[PDB]
């Protein structure tokens, strides 16, 4: 590309943000390489967890900063200036030198973080100081670069602490910092599948702890161990990643091929529940409780594709599986992803308006129907409407899949989605020259990642014109008081914002370096515990949605 002052000014927004984070996100009380998770944009101070007793702790949670690591390494790629990547190394090396448990687990995640001012460990949730991830997708290749031994031990410790049962693959969410490390964790032999295909859509009963928003990080980690580490150190890891990934595929709906959210249901192990609102899985499968009376055998938890279950399948885990297919040059991973996306959208997508219907994996829709009773999926009277996400999240996997396997039905779905997002016309196939909307005013980071994929696909410079105009609007709307904010009324900025990565990926593409930047994988973080007066609280709301 012929580069312009406007392109440079977007890189300078990102450089300003980085400078702000590295300054304002450092404690004045005790200065170390650690970073704050978030910055108050009025005071310029790092954000705080407030405990019920009123004590405050400044938050440093390395699980919520992986996207900032990716922006630092991206900035060194696009600028050819090594100082950004070197500062990412400095932060990372200090964290890994100091804040790993004896068993190899990091002190980070949903229920653990480091006090930025005192360097003490913090447990936002009383009596639950545990290791918790949930579609976090850490920046493994860079962590491996900084400290390969600690990164190998981490992945082995993550599997060892969260896999409760090596035959059912029940996965606990709350990993113990007292669990013993086992260097030979992946040397266990691969067991048979529990999935009996002639019984689907009914699935095997175990503890039912096989949700894809637990399985996906485990699969990702095992495959990155295989990819990154020597043979001997990584023995067994790709096989165990493959087994776990395959269990989801084996449990797909036997008539529609639609993907599922999990591959086992919870046994009814205790009785009685206190009421319909008591949704502990020990009372049995929650979908069968809430929907079973009207819907029958389809009503089991893995077959529910609404209430954001579809997002974890067709967005988060789809991006991971596509990334692994491409990394490993693995056509079987690829065809299975493509088949899953196609079979989901044939049942759920409405091409007249671009919406996604709330469905079960056999195609039964509950669109518009008030829930008949309370339960895990909502109170009685809740209504699920067909949804069209605010931004092009669901588009990105369809474009990445197309770039790997040119299926014309993926192309038709992407053209229809972009049409309803206001992009204009991609045209009838990937050889068309598109007619794109250069005044599109609702833009997001997903606009830029998607436009870049379509440029890599089609080589049509129109997509770069479109992305440049969108990126200028993105900076104009979200770069506010020196940080990136989803709404200019918000008080507190998270340093895990993805606008910087999206902006730098576009800059890389203008400089012919796209392949060199960390790919966006949809990982994100949160902290959950008791916040001031509120028992069941997330930083997402208690901090990052506060208004100035």
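Residue numbers count along the first chain shown, from 1.
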Original post:
Hey, which bit's got the bigger mean C-alpha B factor in the entry, 493-501 or 31-39?
Top reply: 31-39
**OP:** Averaging the C-alpha B factors as listed in the entry, name the stretch that ends up higher: 448-456 or 233-241.
**Re:** 233-241
Original post:
Which has the highest CA B-factor per the PDB entry: 404, 347, 212, 101?
Top reply: 101
Subject >> Top Cα B factor in the deposited entry, candidates 50, 69, 508, 518 >> reply: 50
**OP:** Taking the values exactly as deposited, rank residue 280 by C-alpha B-factor within its chain and report the matching third: lowest, middle or highest.
**Re:** middle
Original post:
Sorting the chain's CA B-factors, does residue 264 end up in the lowest, middle or highest third?
Top reply: middle
**OP:** Place residue 524 in the lowest, middle or highest third of its chain's C-alpha B-factors, as listed in the PDB entry.
**Re:** middle
Original post:
Can you tell me which third, lowest, middle or highest, the CA B-factor of residue 183 falls into for its chain?
Top reply: highest
Subject >> Entry-reported Cα temperature factor of residue 461, expressed as the chain third it lands in >> reply: highest
